[PDB]
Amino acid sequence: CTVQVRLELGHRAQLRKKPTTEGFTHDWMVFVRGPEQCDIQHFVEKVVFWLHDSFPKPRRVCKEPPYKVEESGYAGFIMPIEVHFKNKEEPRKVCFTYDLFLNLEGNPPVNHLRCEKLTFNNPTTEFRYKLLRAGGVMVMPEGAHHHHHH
């Protein structure tokens, strides 16, 4: 038994004309979502966005869609992102590292997107049900039989 399912990671960034009072030059938004017409809430319990230490309360949790964070800042950084599953066995979660980069003056706003495919070996029937409700496919080996004589 094998279940394959997909996730989307992305972010948008925009250069401000006039910086904020804190000197922030960009407004940005980072998100986790499913492919077109796939509600990952079926199998995702929560998403934790680990912002840089310079933000207040940088451990940002989304327990329900939209799974996203909207902020303002002056510099890009690598953002660890944890997608937690509605699963009582391991794996309980999956960890990504996302490059939240900002655009230079003269380049268009950022609209970056990533597609990630998760593969689970023999998930519990309850969890595999949730994955198949969100665009997954289940694959099960069977006994093969040849079509010709020898």
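Residue indices: 1-based, along the sequence shown. The term rigid core refers to the maximal set of C-alpha atoms that superpose within 1.5 Å between the two forms.
Root-mean-square C-alpha deviation from the shown form, taken over all structures in 6 other deposited structures of this protein superposed by the rigid core, is larger for 15-23 than for the alternative among 125-133 and 15-23. Rigid core superposition in 6 other deposited structures of this protein puts the Cα atoms of one stretch, out of 81-89 and 98-106, farther from the shown form on average, and that stretch is 98-106.
Between the stretches 95-103 and 121-129, it is 121-129 that shows the larger average CA temperature factor. Stretches 28-36 and 83-91 differ in mean CA B factor, with 83-91 having the higher one. Listed residues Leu9, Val139, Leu15, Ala134 were ranked by CA B-factor as deposited; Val139 comes out on top. For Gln41, the recorded CA temperature factor ranks within the highest third of the chain's modelled residues.
In the deposited entry, the Cα temperature factor of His148 sits in the middle third of values across the chain's modelled residues.
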